[PDB]
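Step one of this worksheet: look at the structure below.
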Amino acid sequence: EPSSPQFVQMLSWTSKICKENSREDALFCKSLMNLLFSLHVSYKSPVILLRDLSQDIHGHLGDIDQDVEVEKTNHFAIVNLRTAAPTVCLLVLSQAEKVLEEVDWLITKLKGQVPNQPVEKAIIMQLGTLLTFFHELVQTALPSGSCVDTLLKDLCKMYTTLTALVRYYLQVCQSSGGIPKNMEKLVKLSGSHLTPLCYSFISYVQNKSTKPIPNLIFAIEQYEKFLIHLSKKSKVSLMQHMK
Amino acid sequence: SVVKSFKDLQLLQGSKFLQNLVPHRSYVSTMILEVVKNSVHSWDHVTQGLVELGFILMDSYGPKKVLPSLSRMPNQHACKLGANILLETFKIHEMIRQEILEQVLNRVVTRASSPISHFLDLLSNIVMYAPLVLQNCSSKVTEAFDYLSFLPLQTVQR
DNA sequence: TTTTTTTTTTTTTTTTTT
DNA sequence: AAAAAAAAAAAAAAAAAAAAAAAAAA
């Protein structure tokens, strides 16, 4: 049962095996990470674990500019040059897709609703943690298999969720009047941290020599357009945070 | 409105983060099974539409893929809501026996190419529940005995 | 030499437009 | 202050899923 102490014993054991033993064989790492995630997501939100695993992927694989020396091997031991490059990326992006579906469901029920304030606080907390998670992965160099287009699709989903969130903010801003401060920090983090490195990643994948990249640039420009309309109808300048 | 409810319930049950926020909502499944309880008194107007919803849920969401979660678990759960509608409606409404029971049999006998395990489950439930209440609506059974030759063998055994 | 996995293709289902 | 092609039935397109083929590893 997911509230039992034996659940927590099993989760601690799984996490300890994940923190010690290397085992360079893709299927073993994939099934063990799937066991860990399956246990974790029925206990609490996985975004911390996704963040740490993105840090490990960034430390192992490296950066696009080839002058960033980052190694964070302390986090999770089941991360290898032959493991983390093909297999772990797809799993962490799939779980991130699941968390984006969950906040999409919350956003749609919050739009249909108009229980109010802690809901949106948890939503922007998950979005901020996922934003730092995505920030760690966009700077990396992935192989040109399914991984890169999966990253583009999930980034399109991230920007789509942000667009739907500021759409709900456009719906709600007339009745109350004002934006909560955590949303202001979130839109600062999305403007400053994510989108410039997203552009740099598009340049990085384009320079090395057809549908997802138009989808992504359309998603980010729609995000910016809805942000224009919000910054007009909110009496606050959110483009000084933007680049 | 029933399939959406089961999608929502599957999404919450798979994740604790949504269990913390959303306070436990009654779902359309529990509301429908409350309607069937409520209809006992005088609501005969309702119950001929309960029977049609039952067989629309079972007819539309029954298996085919064996002759996955999203194509399976909110369609398995709707098709088993159907049989629950028809089995609870069969028990209390003493006049839409022979309208469920000749239509269950009419789907078991005549289809026999498309998978019909769900109707044999429902017919097993309906019979097993009370053959004491089926000896007042029995001739609908013994008219499907005359069609037993032309069926495939597994359907005859089942 | 065989078994498994991955990739591609086809078919079916649902939605949106005339 | 600006936004749309929705207009009872049918058809076409898109998306997803399942199956088949091919390639690789022991």
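Positions of Cβ are backbone-derived with ideal geometry, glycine not excepted, and every protein chain shown enters the neighbour counts. Values in this text are rule-based calculations from the coordinates and carry no lab data.
Of all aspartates and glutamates in the structure, those lying under 19 Å Cα to Cα from residue A:185, and not within fewer than 8 positions of it along the same chain, are A:120, A:136, A:224. Couplings 3J(HN,Hα) for the range B:18-23, derived from phi with the Karplus relation 6.51 cos²θ - 1.76 cosθ + 1.60 (θ = phi - 60°), are 7, 6, 5, 8, 6, x Hz, where x marks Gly and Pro.
Direction-averaged projected area, Cα convex hull, the range B:15-141: 9.6 nm², rounded to one decimal. Projecting the Cα atoms of A:87, A:122, A:60 onto the charge dipole of the range A:23-145 (Cβ charges, centred on the Cα centre) puts A:122 farthest toward the positive pole.
Pairs exceeding 29 Å between alpha-carbon atoms, taken from A:211/B:65; B:7/B:37; A:44/B:37; A:157/A:181; A:44/A:111; A:211/B:80: A:211/B:65; A:44/B:37; A:211/B:80. Peptide packing: for B:145-158, B:77-90, the average count of neighbouring Cβ atoms within 10 Å per residue gives the ranking B:77-90, B:145-158, highest mean first. Taking a ≥ b ≥ c as the square roots of the eigenvalues of the Cα gyration tensor, the range A:197-238 is classed as oblate, since a/c reaches at least 1.5 and a/b does not exceed b/c. When peptides A:2-13, A:37-48 are ranked by their average number of other Cβ atoms within 10 Å per residue, the highest-first order is A:37-48, A:2-13.
When only alpha carbons of the range A:101-243 are considered, Rg and Dmax amount to 15.6, 52 Å.
Taking a Cβ cut-off of under 12 Å around residue A:197, the surrounding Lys, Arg, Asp and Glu residues balance to a net charge of -2, with basic ones at +1 and acidic ones at -1. For the range A:158-203, the average shadow cast by the Cα convex hull is 3.5 nm², which is a quarter of the hull's surface. Largest first and in whole Å, the equivalent-ellipsoid semi-axes of the range A:1-78 read 27, 14, 10, each the square root of five times a Cα gyration tensor eigenvalue.
The peptide list B:54-61, A:140-147, A:173-180, put in order of mean Cβ contacts within 10 Å with the highest first, becomes B:54-61, A:140-147, A:173-180. Annotation for the range A:1-91: GluC sites (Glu not before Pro) lying in DSSP loop with at most 12 further Cβ atoms inside 10 Å of their Cβ are A:24, A:69, A:71. Sorted largest first, the principal axis extents computed over the alpha-carbon atoms of the protein assembly as shown equal 84, 56, 48 Å.
Take the convex hull of the alpha carbons in the range A:9-132; its mean projected area over all directions comes to 9.1 nm². Bridging of residue A:30 to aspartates and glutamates at a Cα separation below 18 Å is possible for A:20, A:52, A:56, A:97, once same-chain residues fewer than 8 apart are set aside.
Magnitude of the charge dipole for the protein assembly as shown, about its Cα centre and with charges confined to Cβ atoms of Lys, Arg (+1) and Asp, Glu (-1), is about 680 debye. The Cα atoms of the range B:1-64 give a gyration tensor whose axes a ≥ b ≥ c have a/c of 1.5 or more with a/b no greater than b/c, which makes the shape oblate.
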